[PDB]
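Text of protein23.pdb (PDB, C-alpha atoms and all ligand atoms) as supplied:
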ATOM      1  CA  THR A  13     -27.331 -26.603 -65.291
ATOM      2  CA  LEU A  14     -26.000 -24.157 -62.733
ATOM      3  CA  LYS A  15     -23.545 -24.629 -59.909
ATOM      4  CA  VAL A  16     -22.430 -21.910 -57.501
ATOM      5  CA  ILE A  17     -19.238 -22.637 -55.596
ATOM      6  CA  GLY A  18     -18.402 -21.033 -52.258
ATOM      7  CA  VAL A  19     -14.619 -20.708 -52.025
ATOM      8  CA  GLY A  20     -13.494 -19.522 -48.608
ATOM      9  CA  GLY A  21     -15.222 -18.660 -45.330
ATOM     10  CA  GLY A  22     -16.559 -15.463 -46.920
ATOM     11  CA  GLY A  23     -17.858 -17.326 -49.930
ATOM     12  CA  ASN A  24     -19.247 -20.104 -47.741
ATOM     13  CA  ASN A  25     -21.179 -17.603 -45.683
ATOM     14  CA  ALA A  26     -22.525 -16.059 -48.896
ATOM     15  CA  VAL A  27     -23.387 -19.576 -50.054
ATOM     16  CA  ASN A  28     -25.221 -20.272 -46.813
ATOM     17  CA  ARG A  29     -27.150 -16.996 -47.159
ATOM     18  CA  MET A  30     -27.978 -18.106 -50.745
ATOM     19  CA  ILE A  31     -29.391 -21.323 -49.178
ATOM     20  CA  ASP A  32     -31.243 -19.806 -46.191
ATOM     21  CA  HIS A  33     -32.796 -17.549 -48.806
ATOM     22  CA  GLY A  34     -35.114 -19.790 -50.908
ATOM     23  CA  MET A  35     -33.086 -20.478 -54.080
ATOM     24  CA  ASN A  36     -34.390 -23.583 -55.822
ATOM     25  CA  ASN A  37     -32.636 -23.701 -59.202
ATOM     26  CA  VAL A  38     -28.947 -24.259 -58.477
ATOM     27  CA  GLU A  39     -26.392 -26.718 -57.001
ATOM     28  CA  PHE A  40     -24.350 -25.437 -54.082
ATOM     29  CA  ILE A  41     -20.692 -26.300 -53.521
ATOM     30  CA  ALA A  42     -18.572 -25.333 -50.502
ATOM     31  CA  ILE A  43     -14.755 -25.156 -50.761
ATOM     32  CA  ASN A  44     -12.468 -24.300 -47.852
ATOM     33  CA  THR A  45      -9.237 -25.197 -46.059
ATOM     34  CA  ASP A  46     -10.905 -24.890 -42.623
ATOM     35  CA  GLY A  47     -12.680 -28.101 -41.644
ATOM     36  CA  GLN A  48     -14.668 -26.269 -38.923
ATOM     37  CA  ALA A  49     -16.284 -23.873 -41.400
ATOM     38  CA  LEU A  50     -17.262 -26.650 -43.787
ATOM     39  CA  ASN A  51     -19.281 -28.335 -41.005
ATOM     40  CA  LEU A  52     -21.309 -25.136 -40.468
ATOM     41  CA  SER A  53     -21.860 -24.814 -44.259
ATOM     42  CA  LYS A  54     -25.360 -25.664 -45.470
ATOM     43  CA  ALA A  55     -24.240 -26.697 -48.965
ATOM     44  CA  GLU A  56     -25.035 -30.204 -50.254
ATOM     45  CA  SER A  57     -21.450 -30.658 -51.433
ATOM     46  CA  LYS A  58     -18.383 -29.636 -49.488
ATOM     47  CA  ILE A  59     -14.686 -29.968 -50.399
ATOM     48  CA  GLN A  60     -11.743 -29.831 -48.042
ATOM     49  CA  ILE A  61      -8.598 -28.678 -49.742
ATOM     50  CA  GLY A  62      -4.934 -28.903 -48.774
ATOM     51  CA  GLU A  63      -5.645 -32.071 -46.791
ATOM     52  CA  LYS A  64      -1.923 -32.737 -46.917
ATOM     53  CA  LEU A  65      -0.752 -29.075 -46.289
ATOM     54  CA  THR A  66      -3.232 -28.058 -43.629
ATOM     55  CA  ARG A  67      -3.860 -31.484 -42.045
ATOM     56  CA  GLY A  68      -7.601 -30.866 -42.090
ATOM     57  CA  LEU A  69      -7.466 -27.321 -40.672
ATOM     58  CA  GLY A  70      -7.974 -23.985 -42.495
ATOM     59  CA  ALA A  71      -5.479 -22.287 -44.816
ATOM     60  CA  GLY A  72      -4.608 -19.804 -41.968
ATOM     61  CA  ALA A  73      -4.848 -16.678 -44.104
ATOM     62  CA  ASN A  74      -2.013 -16.858 -46.675
ATOM     63  CA  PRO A  75      -2.970 -16.955 -50.413
ATOM     64  CA  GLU A  76      -0.082 -19.238 -51.159
ATOM     65  CA  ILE A  77      -1.798 -21.943 -49.096
ATOM     66  CA  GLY A  78      -5.079 -22.095 -51.095
ATOM     67  CA  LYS A  79      -3.322 -21.886 -54.494
ATOM     68  CA  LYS A  80      -1.252 -25.033 -53.826
ATOM     69  CA  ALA A  81      -4.209 -26.536 -51.865
ATOM     70  CA  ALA A  82      -6.474 -26.160 -54.887
ATOM     71  CA  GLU A  83      -3.854 -27.778 -57.148
ATOM     72  CA  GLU A  84      -3.666 -30.649 -54.628
ATOM     73  CA  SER A  85      -7.396 -31.265 -54.840
ATOM     74  CA  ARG A  86      -7.772 -30.377 -58.579
ATOM     75  CA  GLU A  87      -9.104 -33.898 -59.132
ATOM     76  CA  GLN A  88     -12.003 -33.513 -56.601
ATOM     77  CA  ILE A  89     -12.888 -30.029 -57.910
ATOM     78  CA  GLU A  90     -13.078 -31.207 -61.531
ATOM     79  CA  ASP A  91     -15.310 -34.006 -60.209
ATOM     80  CA  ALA A  92     -17.700 -31.600 -58.383
ATOM     81  CA  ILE A  93     -18.097 -29.302 -61.405
ATOM     82  CA  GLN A  94     -18.628 -32.159 -63.986
ATOM     83  CA  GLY A  95     -21.305 -31.243 -66.548
ATOM     84  CA  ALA A  96     -22.251 -27.868 -65.125
ATOM     85  CA  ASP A  97     -23.016 -25.421 -67.944
ATOM     86  CA  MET A  98     -22.384 -22.310 -65.870
ATOM     87  CA  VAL A  99     -20.379 -21.919 -62.680
ATOM     88  CA  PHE A 100     -20.411 -19.037 -60.192
ATOM     89  CA  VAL A 101     -17.261 -18.638 -58.107
ATOM     90  CA  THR A 102     -18.211 -16.534 -55.103
ATOM     91  CA  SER A 103     -15.330 -15.578 -52.778
ATOM     92  CA  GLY A 104     -13.922 -12.853 -50.550
ATOM     93  CA  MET A 105     -10.557 -11.549 -51.697
ATOM     94  CA  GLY A 106      -7.913 -10.724 -49.078
ATOM     95  CA  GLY A 107      -8.211 -14.056 -47.305
ATOM     96  CA  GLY A 108      -5.918 -17.013 -47.841
ATOM     97  CA  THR A 109      -8.273 -19.585 -49.294
ATOM     98  CA  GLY A 110     -10.239 -17.298 -51.643
ATOM     99  CA  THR A 111      -7.305 -15.175 -52.800
ATOM    100  CA  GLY A 112      -5.334 -18.166 -54.096
ATOM    101  CA  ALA A 113      -7.777 -21.051 -54.446
ATOM    102  CA  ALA A 114     -10.811 -19.379 -56.033
ATOM    103  CA  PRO A 115      -8.912 -18.223 -59.160
ATOM    104  CA  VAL A 116      -7.701 -21.797 -59.727
ATOM    105  CA  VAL A 117     -11.238 -23.206 -59.098
ATOM    106  CA  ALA A 118     -12.405 -20.757 -61.765
ATOM    107  CA  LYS A 119      -9.887 -21.658 -64.481
ATOM    108  CA  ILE A 120     -10.632 -25.308 -63.749
ATOM    109  CA  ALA A 121     -14.284 -24.591 -64.667
ATOM    110  CA  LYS A 122     -13.213 -22.498 -67.696
ATOM    111  CA  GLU A 123     -10.956 -25.244 -68.972
ATOM    112  CA  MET A 124     -13.882 -27.667 -68.457
ATOM    113  CA  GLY A 125     -15.983 -25.475 -70.746
ATOM    114  CA  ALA A 126     -18.593 -24.260 -68.226
ATOM    115  CA  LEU A 127     -19.433 -20.570 -68.329
ATOM    116  CA  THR A 128     -17.367 -19.251 -65.438
ATOM    117  CA  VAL A 129     -18.651 -16.111 -63.765
ATOM    118  CA  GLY A 130     -16.727 -14.692 -60.822
ATOM    119  CA  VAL A 131     -18.631 -12.817 -58.146
ATOM    120  CA  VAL A 132     -15.998 -11.640 -55.647
ATOM    121  CA  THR A 133     -15.851  -9.089 -52.870
ATOM    122  CA  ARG A 134     -12.958  -6.714 -52.235
ATOM    123  CA  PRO A 135     -12.157  -6.298 -48.548
ATOM    124  CA  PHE A 136     -12.882  -3.067 -46.629
ATOM    125  CA  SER A 137     -10.035  -0.572 -46.896
ATOM    126  CA  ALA A 138     -10.604  -0.329 -43.111
ATOM    127  CA  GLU A 139      -9.279  -3.943 -42.902
ATOM    128  CA  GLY A 140      -5.621  -3.067 -43.190
ATOM    129  CA  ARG A 141      -3.852  -2.390 -46.436
ATOM    130  CA  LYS A 142      -1.891  -5.673 -46.458
ATOM    131  CA  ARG A 143      -5.139  -7.630 -46.793
ATOM    132  CA  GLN A 144      -6.149  -5.086 -49.433
ATOM    133  CA  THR A 145      -2.821  -5.688 -51.203
ATOM    134  CA  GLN A 146      -3.375  -9.437 -51.346
ATOM    135  CA  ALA A 147      -6.947  -8.962 -52.583
ATOM    136  CA  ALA A 148      -5.742  -6.726 -55.394
ATOM    137  CA  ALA A 149      -3.510  -9.595 -56.568
ATOM    138  CA  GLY A 150      -6.289 -12.202 -56.190
ATOM    139  CA  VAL A 151      -8.682 -10.005 -58.144
ATOM    140  CA  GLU A 152      -6.202  -9.785 -61.054
ATOM    141  CA  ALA A 153      -5.748 -13.567 -60.798
ATOM    142  CA  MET A 154      -9.501 -14.076 -61.302
ATOM    143  CA  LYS A 155      -9.765 -11.506 -64.119
ATOM    144  CA  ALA A 156      -7.490 -13.837 -66.115
ATOM    145  CA  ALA A 157      -9.300 -16.952 -64.875
ATOM    146  CA  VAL A 158     -12.977 -16.053 -65.521
ATOM    147  CA  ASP A 159     -15.224 -15.075 -68.409
ATOM    148  CA  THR A 160     -16.800 -12.196 -66.399
ATOM    149  CA  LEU A 161     -15.683 -10.851 -63.052
ATOM    150  CA  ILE A 162     -18.043  -8.861 -60.848
ATOM    151  CA  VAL A 163     -15.958  -7.116 -58.182
ATOM    152  CA  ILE A 164     -17.886  -5.541 -55.314
ATOM    153  CA  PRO A 165     -15.661  -3.337 -53.123
ATOM    154  CA  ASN A 166     -16.932  -3.746 -49.569
ATOM    155  CA  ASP A 167     -16.241  -0.054 -48.906
ATOM    156  CA  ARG A 168     -19.040   0.857 -51.340
ATOM    157  CA  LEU A 169     -21.420  -0.955 -48.965
ATOM    158  CA  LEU A 170     -20.639   1.772 -46.405
ATOM    159  CA  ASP A 171     -22.778   3.873 -48.779
ATOM    160  CA  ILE A 172     -25.593   1.330 -48.125
ATOM    161  CA  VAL A 173     -25.531  -0.029 -44.524
ATOM    162  CA  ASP A 174     -25.950   2.076 -41.334
ATOM    163  CA  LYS A 175     -23.044   3.721 -39.588
ATOM    164  CA  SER A 176     -24.482   1.794 -36.568
ATOM    165  CA  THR A 177     -23.970  -1.568 -38.317
ATOM    166  CA  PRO A 178     -20.969  -3.375 -36.683
ATOM    167  CA  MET A 179     -17.933  -4.170 -38.885
ATOM    168  CA  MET A 180     -17.907  -7.937 -38.353
ATOM    169  CA  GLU A 181     -21.583  -7.955 -39.198
ATOM    170  CA  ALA A 182     -21.323  -5.722 -42.259
ATOM    171  CA  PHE A 183     -20.330  -8.927 -44.092
ATOM    172  CA  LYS A 184     -23.908 -10.182 -43.663
ATOM    173  CA  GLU A 185     -24.948  -7.549 -46.184
ATOM    174  CA  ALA A 186     -21.933  -8.383 -48.322
ATOM    175  CA  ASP A 187     -23.352 -11.918 -48.210
ATOM    176  CA  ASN A 188     -26.715 -10.546 -49.358
ATOM    177  CA  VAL A 189     -25.010  -8.550 -52.126
ATOM    178  CA  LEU A 190     -23.223 -11.646 -53.519
ATOM    179  CA  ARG A 191     -26.589 -13.432 -53.186
ATOM    180  CA  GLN A 192     -28.347 -10.778 -55.336
ATOM    181  CA  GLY A 193     -25.408 -10.792 -57.778
ATOM    182  CA  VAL A 194     -25.415 -14.535 -58.424
ATOM    183  CA  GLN A 195     -29.175 -14.949 -57.899
ATOM    184  CA  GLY A 196     -29.899 -12.086 -60.292
ATOM    185  CA  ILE A 197     -28.201 -14.008 -63.116
ATOM    186  CA  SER A 198     -29.058 -17.527 -61.986
ATOM    187  CA  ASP A 199     -32.792 -16.693 -61.640
ATOM    188  CA  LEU A 200     -33.037 -15.755 -65.284
ATOM    189  CA  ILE A 201     -32.063 -19.312 -66.287
ATOM    190  CA  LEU A 209     -33.960 -16.019 -71.717
ATOM    191  CA  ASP A 210     -31.814 -17.891 -74.183
ATOM    192  CA  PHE A 211     -28.668 -19.346 -72.574
ATOM    193  CA  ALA A 212     -26.724 -18.483 -75.781
ATOM    194  CA  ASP A 213     -27.811 -14.887 -75.266
ATOM    195  CA  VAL A 214     -26.327 -14.896 -71.757
ATOM    196  CA  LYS A 215     -23.141 -16.559 -73.090
ATOM    197  CA  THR A 216     -22.819 -13.670 -75.587
ATOM    198  CA  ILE A 217     -23.082 -11.194 -72.647
ATOM    199  CA  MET A 218     -20.652 -13.074 -70.328
ATOM    200  CA  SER A 219     -18.218 -15.075 -72.551
ATOM    201  CA  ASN A 220     -14.704 -13.628 -72.381
ATOM    202  CA  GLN A 221     -15.944 -10.171 -71.466
ATOM    203  CA  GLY A 222     -13.882  -9.643 -68.335
ATOM    204  CA  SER A 223     -14.627  -6.869 -65.897
ATOM    205  CA  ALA A 224     -18.319  -6.336 -65.124
ATOM    206  CA  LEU A 225     -20.243  -3.831 -62.980
ATOM    207  CA  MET A 226     -23.236  -4.540 -60.780
ATOM    208  CA  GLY A 227     -26.178  -2.321 -59.926
ATOM    209  CA  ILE A 228     -28.811  -3.071 -57.325
ATOM    210  CA  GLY A 229     -31.939  -1.084 -56.564
ATOM    211  CA  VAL A 230     -34.847  -1.886 -54.246
ATOM    212  CA  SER A 231     -38.138   0.015 -53.903
ATOM    213  CA  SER A 232     -41.603  -0.711 -52.528
ATOM    214  CA  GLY A 233     -43.677   2.447 -52.780
ATOM    215  CA  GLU A 234     -45.999   4.299 -55.118
ATOM    216  CA  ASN A 235     -43.310   4.502 -57.803
ATOM    217  CA  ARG A 236     -41.425   1.291 -57.084
ATOM    218  CA  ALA A 237     -40.658   0.431 -60.750
ATOM    219  CA  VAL A 238     -39.151   3.833 -61.564
ATOM    220  CA  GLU A 239     -37.587   4.176 -58.135
ATOM    221  CA  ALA A 240     -35.873   0.758 -58.199
ATOM    222  CA  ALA A 241     -34.486   1.177 -61.697
ATOM    223  CA  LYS A 242     -33.134   4.683 -60.966
ATOM    224  CA  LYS A 243     -31.438   3.408 -57.822
ATOM    225  CA  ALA A 244     -29.959   0.472 -59.740
ATOM    226  CA  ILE A 245     -28.781   2.616 -62.666
ATOM    227  CA  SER A 246     -26.865   4.711 -60.116
ATOM    228  CA  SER A 247     -25.992   2.068 -57.499
ATOM    229  CA  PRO A 248     -22.880   2.877 -55.419
ATOM    230  CA  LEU A 249     -21.590  -0.564 -56.462
ATOM    231  CA  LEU A 250     -21.154   0.770 -59.998
ATOM    232  CA  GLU A 251     -17.641   2.023 -60.372
ATOM    233  CA  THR A 252     -18.733   3.884 -63.578
ATOM    234  CA  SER A 253     -22.228   4.552 -64.929
ATOM    235  CA  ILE A 254     -23.199   1.832 -67.314
ATOM    236  CA  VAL A 255     -23.316   3.793 -70.609
ATOM    237  CA  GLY A 256     -19.833   2.433 -71.472
ATOM    238  CA  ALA A 257     -21.117  -1.166 -71.536
ATOM    239  CA  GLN A 258     -21.681  -3.259 -74.678
ATOM    240  CA  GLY A 259     -23.731  -5.874 -72.898
ATOM    241  CA  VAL A 260     -26.223  -5.480 -70.109
ATOM    242  CA  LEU A 261     -28.185  -8.123 -68.274
ATOM    243  CA  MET A 262     -31.096  -6.839 -66.187
ATOM    244  CA  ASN A 263     -33.310  -8.634 -63.676
ATOM    245  CA  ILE A 264     -36.647  -7.399 -62.265
ATOM    246  CA  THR A 265     -37.630  -9.515 -59.302
ATOM    247  CA  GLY A 266     -41.000  -8.819 -57.698
ATOM    248  CA  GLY A 267     -43.867 -10.311 -55.719
ATOM    249  CA  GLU A 268     -47.159 -11.645 -57.026
ATOM    250  CA  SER A 269     -48.253  -8.030 -57.461
ATOM    251  CA  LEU A 270     -45.473  -7.400 -60.032
ATOM    252  CA  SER A 271     -46.965  -5.645 -63.036
ATOM    253  CA  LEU A 272     -46.016  -6.115 -66.708
ATOM    254  CA  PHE A 273     -46.257  -2.338 -66.910
ATOM    255  CA  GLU A 274     -43.705  -2.080 -64.084
ATOM    256  CA  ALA A 275     -41.328  -4.374 -65.906
ATOM    257  CA  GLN A 276     -41.540  -2.373 -69.086
ATOM    258  CA  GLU A 277     -41.070   0.851 -67.143
ATOM    259  CA  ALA A 278     -37.922  -0.422 -65.417
ATOM    260  CA  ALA A 279     -36.640  -1.933 -68.648
ATOM    261  CA  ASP A 280     -37.113   1.341 -70.518
ATOM    262  CA  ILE A 281     -35.349   3.301 -67.754
ATOM    263  CA  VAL A 282     -32.281   1.059 -67.766
ATOM    264  CA  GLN A 283     -32.226   0.886 -71.579
ATOM    265  CA  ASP A 284     -32.100   4.660 -71.740
ATOM    266  CA  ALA A 285     -29.060   4.682 -69.441
ATOM    267  CA  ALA A 286     -27.183   2.104 -71.497
ATOM    268  CA  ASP A 287     -25.328   2.775 -74.796
ATOM    269  CA  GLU A 288     -27.498   3.595 -77.846
ATOM    270  CA  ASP A 289     -26.850   0.170 -79.434
ATOM    271  CA  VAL A 290     -26.114  -1.913 -76.337
ATOM    272  CA  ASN A 291     -26.766  -5.673 -76.313
ATOM    273  CA  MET A 292     -29.407  -5.573 -73.579
ATOM    274  CA  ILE A 293     -31.194  -8.699 -72.343
ATOM    275  CA  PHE A 294     -33.646  -8.631 -69.472
ATOM    276  CA  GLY A 295     -36.216 -10.771 -67.713
ATOM    277  CA  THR A 296     -38.726 -10.792 -64.901
ATOM    278  CA  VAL A 297     -39.002 -13.124 -61.950
ATOM    279  CA  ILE A 298     -42.119 -13.622 -59.827
ATOM    280  CA  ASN A 299     -40.866 -14.450 -56.345
ATOM    281  CA  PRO A 300     -43.845 -15.025 -54.011
ATOM    282  CA  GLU A 301     -41.891 -14.563 -50.740
ATOM    283  CA  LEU A 302     -41.359 -10.894 -51.704
ATOM    284  CA  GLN A 303     -43.786  -8.633 -49.855
ATOM    285  CA  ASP A 304     -44.093  -5.526 -51.990
ATOM    286  CA  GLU A 305     -40.498  -4.518 -52.802
ATOM    287  CA  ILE A 306     -39.195  -5.120 -56.291
ATOM    288  CA  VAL A 307     -35.481  -5.498 -57.044
ATOM    289  CA  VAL A 308     -33.742  -4.288 -60.166
ATOM    290  CA  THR A 309     -30.372  -5.898 -60.705
ATOM    291  CA  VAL A 310     -28.126  -4.609 -63.481
ATOM    292  CA  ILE A 311     -25.020  -6.461 -64.757
ATOM    293  CA  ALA A 312     -23.015  -4.460 -67.299
ATOM    294  CA  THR A 313     -20.128  -6.090 -69.214
ATOM    295  CA  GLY A 314     -17.096  -5.182 -71.372
ATOM    296  CA  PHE A 315     -14.601  -2.529 -70.300
TER     297      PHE A 315
HETATM  298  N1  LIG A 401     -19.735 -11.847 -47.913
HETATM  299  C1  LIG A 401     -18.906 -12.077 -46.876
HETATM  300  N2  LIG A 401     -17.618 -11.635 -46.937
HETATM  301  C2  LIG A 401     -16.786 -11.876 -45.891
HETATM  302  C3  LIG A 401     -17.289 -12.599 -44.696
HETATM  303  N3  LIG A 401     -16.283 -12.665 -43.823
HETATM  304  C4  LIG A 401     -15.209 -12.078 -44.411
HETATM  305  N4  LIG A 401     -15.510 -11.595 -45.639
HETATM  306  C5  LIG A 401     -14.599 -10.875 -46.548
HETATM  307  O1  LIG A 401     -13.883 -11.842 -47.285
HETATM  308  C6  LIG A 401     -12.465 -11.696 -47.158
HETATM  309  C7  LIG A 401     -11.766 -13.023 -46.857
HETATM  310  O2  LIG A 401     -12.284 -13.638 -45.680
HETATM  311  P1  LIG A 401     -12.302 -15.243 -45.541
HETATM  312  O3  LIG A 401     -13.351 -15.800 -46.482
HETATM  313  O4  LIG A 401     -12.388 -15.589 -44.076
HETATM  314  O5  LIG A 401     -10.833 -15.680 -46.129
HETATM  315  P2  LIG A 401     -10.438 -17.202 -46.554
HETATM  316  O6  LIG A 401     -11.098 -18.084 -45.524
HETATM  317  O7  LIG A 401      -8.949 -17.296 -46.467
HETATM  318  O8  LIG A 401     -10.874 -17.347 -47.984
HETATM  319  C8  LIG A 401     -12.223 -10.667 -46.080
HETATM  320  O9  LIG A 401     -11.302  -9.688 -46.582
HETATM  321  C9  LIG A 401     -13.590 -10.099 -45.754
HETATM  322  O10 LIG A 401     -13.694  -8.748 -46.173
HETATM  323  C10 LIG A 401     -18.702 -13.045 -44.706
HETATM  324  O11 LIG A 401     -19.227 -13.635 -43.734
HETATM  325  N5  LIG A 401     -19.418 -12.734 -45.804
END
Starting from the file, give its structure as structure tokens.
Amino acid sequence: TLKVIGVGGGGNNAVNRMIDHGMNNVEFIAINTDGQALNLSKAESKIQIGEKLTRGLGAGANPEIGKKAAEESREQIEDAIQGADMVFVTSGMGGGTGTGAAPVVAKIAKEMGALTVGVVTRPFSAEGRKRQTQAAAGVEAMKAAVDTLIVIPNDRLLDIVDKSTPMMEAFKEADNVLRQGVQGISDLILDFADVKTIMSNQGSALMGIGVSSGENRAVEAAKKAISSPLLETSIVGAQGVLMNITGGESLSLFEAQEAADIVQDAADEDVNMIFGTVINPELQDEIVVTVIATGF
């Protein structure tokens, strides 16, 4: 039983990209201070927070607003999570809602016993350093709050998207990245207790994405993932690695083994590696290798 919660406008856009993209397994939850944004959210469940602080508007960008706003609506949050086994808290740090509220939403789910995984974006360093300063705090808030935290610095997406890609639209790929991050894990649900062993109380986790379509797609996707810009360090330091190989109908068993072997070689000699495949019909010909490394 899986529930992904979108905390903030950033998170809610990533949640709505997770919905627009066919994703059949999981419950979606939208959390914001802004009433407007919640209306545009595609999630089944929505939650407005700070209904007494904000009077039904947004948190207007200060992290102190969401923190207290979350506490105000702690009741409703605990209700929405009830009986989820694993919770994904997807949010953009730097904002008001996410920065303060999302860490509280997390520790709610951790205190409720669900496996809490945090998939959060850092803001672009091109977004002003004040917003970067707040995000740095919010990140450290979540590190305490979650079992595993996957922190994707948006700047590292500048090593992915075009220079032509507008700034206010570069978040659409950041959406897609959070999608692949959550979806990579969620799609594999392997033994749940195995995943627990990889995620439970591990802390800071790195993500690696690689996509390839060609002659050598298996090898080419795994190599790209092993050395994804999103990885702050190469994964050899990790004690636990989860790996996903998502492909079309044409996805070979051979290809899976090839990609698995490649990633295994890159990981520590005696790493706890667990990996699975996913046939996703909607995929044309590209396969996607998603690497989550834990424990640093
Ligand atoms: N993935 C994603 N990230 C975003 C989007 N818009 C903004 N962000 C990032 O998320 C951070 C917070 O934005 P926002 O969610 O509006 O703040 P909040 O509403 O106070 O939680 C910013 O620093 C942005 O870098 C979006 O549409 N998608």
Explicit residues for the PyMOL selection byres (((not hetatm)) within 7 of (chain A and resi 401)) (as an MDAnalysis selection string)
chainID A and resid 19:23 25:26 44 71:74 103:111 133:136 143 166 183:187 190
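Note that the spacing between atom CA of residue 39 of chain A and atom CA of residue 68 of chain A amounts to 24.3 Å.
Distance annotation: of A:172, A:308, A:181, A:295, the residue with the minimal separation from residue 248 of chain A is A:172; atom set is only C-alpha atoms.
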Just want the 6 Å neighbourhood of residue 296 of chain A, counted on all atoms listed in the file, with same-chain residues fewer than 2 positions away dropped. Output as a list in words.
residues 263, 264 and 265 of chain A
What residues come out when you apply the PyMOL selection byres (((chain A and resi 216) around 12) and not hetatm) to this file, written as a PyMOL selection string?
chain A and resi 127+159-160+210-215+217-221+258-261+291-293+313-314
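The two atoms in question, atom CA of residue 224 of chain A and atom CA of residue 58 of chain A, are spaced 28.1 Å apart.
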Expanded to explicit residues, what is the PyMOL selection byres (((chain A and resi 38) around 10) and not hetatm) for this file, as a list in words?
residues 13, 14, 15, 16, 30, 31, 35, 36, 37, 39, 40, 41, 99, 195, 198, 199 and 201 of chain A
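Counting all atoms listed in the file, the residue from A:59, A:153, A:113, A:124 that sits nearest to residue 98 of chain A is A:124.
Nearest to residue 163 of chain A of all the residues A:102, A:24, A:145, A:177 is A:102, counting only C-alpha atoms.
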Could you model N, CA and C atoms for segment 107-120 of chain A and present them as a PDB file, in the frame of the given file?
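As a result, out24.pdb now contains:
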ATOM      1  N   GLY A 107      -8.438 -12.821 -48.042  1.00  0.00           N
ATOM      2  CA  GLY A 107      -8.211 -14.056 -47.305  1.00  0.00           C
ATOM      3  C   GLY A 107      -7.157 -14.938 -47.933  1.00  0.00           C
ATOM      4  N   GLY A 108      -6.930 -16.097 -47.341  1.00  0.00           N
ATOM      5  CA  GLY A 108      -5.918 -17.013 -47.841  1.00  0.00           C
ATOM      6  C   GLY A 108      -6.486 -17.970 -48.855  1.00  0.00           C
ATOM      7  N   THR A 109      -7.606 -18.585 -48.476  1.00  0.00           N
ATOM      8  CA  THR A 109      -8.273 -19.585 -49.294  1.00  0.00           C
ATOM      9  C   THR A 109      -8.730 -18.950 -50.588  1.00  0.00           C
ATOM     10  N   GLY A 110      -9.697 -18.035 -50.502  1.00  0.00           N
ATOM     11  CA  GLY A 110     -10.239 -17.298 -51.643  1.00  0.00           C
ATOM     12  C   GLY A 110      -9.185 -16.718 -52.544  1.00  0.00           C
ATOM     13  N   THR A 111      -8.329 -15.859 -51.993  1.00  0.00           N
ATOM     14  CA  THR A 111      -7.305 -15.175 -52.800  1.00  0.00           C
ATOM     15  C   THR A 111      -6.488 -16.069 -53.752  1.00  0.00           C
ATOM     16  N   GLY A 112      -6.140 -17.256 -53.290  1.00  0.00           N
ATOM     17  CA  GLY A 112      -5.334 -18.166 -54.096  1.00  0.00           C
ATOM     18  C   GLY A 112      -6.124 -19.265 -54.753  1.00  0.00           C
ATOM     19  N   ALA A 113      -7.047 -19.860 -54.001  1.00  0.00           N
ATOM     20  CA  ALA A 113      -7.777 -21.051 -54.446  1.00  0.00           C
ATOM     21  C   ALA A 113      -8.865 -20.751 -55.457  1.00  0.00           C
ATOM     22  N   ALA A 114      -9.702 -19.754 -55.160  1.00  0.00           N
ATOM     23  CA  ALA A 114     -10.811 -19.379 -56.033  1.00  0.00           C
ATOM     24  C   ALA A 114     -10.416 -19.111 -57.481  1.00  0.00           C
ATOM     25  N   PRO A 115      -9.294 -18.382 -57.740  1.00  0.00           N
ATOM     26  CA  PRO A 115      -8.912 -18.223 -59.160  1.00  0.00           C
ATOM     27  C   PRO A 115      -8.592 -19.533 -59.868  1.00  0.00           C
ATOM     28  N   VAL A 116      -8.017 -20.485 -59.156  1.00  0.00           N
ATOM     29  CA  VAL A 116      -7.701 -21.797 -59.727  1.00  0.00           C
ATOM     30  C   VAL A 116      -8.988 -22.596 -59.977  1.00  0.00           C
ATOM     31  N   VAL A 117      -9.889 -22.606 -58.992  1.00  0.00           N
ATOM     32  CA  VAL A 117     -11.238 -23.206 -59.098  1.00  0.00           C
ATOM     33  C   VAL A 117     -11.947 -22.700 -60.338  1.00  0.00           C
ATOM     34  N   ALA A 118     -11.820 -21.391 -60.588  1.00  0.00           N
ATOM     35  CA  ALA A 118     -12.405 -20.757 -61.765  1.00  0.00           C
ATOM     36  C   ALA A 118     -11.843 -21.349 -63.036  1.00  0.00           C
ATOM     37  N   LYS A 119     -10.513 -21.249 -63.221  1.00  0.00           N
ATOM     38  CA  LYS A 119      -9.887 -21.658 -64.481  1.00  0.00           C
ATOM     39  C   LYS A 119     -10.016 -23.153 -64.715  1.00  0.00           C
ATOM     40  N   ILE A 120     -10.184 -23.919 -63.640  1.00  0.00           N
ATOM     41  CA  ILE A 120     -10.632 -25.308 -63.749  1.00  0.00           C
ATOM     42  C   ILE A 120     -11.959 -25.341 -64.512  1.00  0.00           C
TER      43      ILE A 120
END
